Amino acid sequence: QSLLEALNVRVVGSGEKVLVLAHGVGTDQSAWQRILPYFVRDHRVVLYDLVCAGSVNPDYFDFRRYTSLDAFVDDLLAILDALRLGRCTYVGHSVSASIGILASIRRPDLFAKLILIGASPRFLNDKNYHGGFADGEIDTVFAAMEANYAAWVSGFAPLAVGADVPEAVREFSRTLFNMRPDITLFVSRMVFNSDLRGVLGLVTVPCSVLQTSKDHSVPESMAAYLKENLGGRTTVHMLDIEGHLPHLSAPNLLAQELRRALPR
């Protein structure tokens, strides 16, 4: 396969503006399906799957290569260079918000704006920083994942969706069960260990921070931290949608905020 084929790159929509939708761990590009109707008549929308998606051939997940977020940034930049659509708006959920931040420091030319959903530069607390997780706290999650993947997904998918939206629990269960458990564990440990705090000030592009409500992974205080520390023009939108996956659980409401955050 080419890189574009391996990571299931898709370009949809009729417009001149370019929008990139980049999913998080545990999902794949189909997490955007109910957002697409709101953008495809005036954007060319680029979708792709992260290499850890269960929709990507598990042969591609090379543990020697994918040891830091920078190897994920390599793949994003390689796709955007291959598609040659030029300057774009980039929407990143959870790990893809971090991937977008780092890509925008390497290649600010490529990004008109970043729209960050569920963004965190560091999950672990540090001396005078609140990520949400104390030393040792995550261990019970990675123990449960390794001990009984299916029991772990059955309890975690409702928690991540947050709101009582059976269809979202279905979709997120489907994309967690499609992942190979050793990949889910490895990538979840790598992302949980990430720390982007020291590069936020190097961002130069505008950012909209769409801050999830009652997200297990990101305290509501994070939005203020990103507004203070991101180096470009940053705006905060506190979502009135519950949970980690607002694009699955309340696509209409999330799409209306995304549209409000577009550059011009």
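From 1 onward, residues are counted along the sequence shown.
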Avg C-alpha B-factor, entry values, 161-169 vs 100-108, higher side is 161-169
Comparing 128-136 with 73-81, the one whose average Cα B-factor in the PDB entry is higher: 128-136
Which of these has the highest Cα B-factor in the record: 32, 38, 225, 61? 38
Most elevated Cα B-factor in the entry, residues 94, 188, 175, 148: 148
In terms of the chain's CA B-factor thirds, is residue 253 lowest, middle or highest? highest
Relative C-alpha B-factor of residue 215, binned into the chain's lowest, middle or highest third: middle
Position of residue 241 among the chain's modelled residues by C-alpha B-factor, lowest, middle or highest third: highest
Ranked against its chain, the third holding the CA B-factor of residue 23: lowest
Could you look up the Cα B-factor of residue 204 in the entry and say which third of the chain it sits in: lowest, middle or highest? lowest
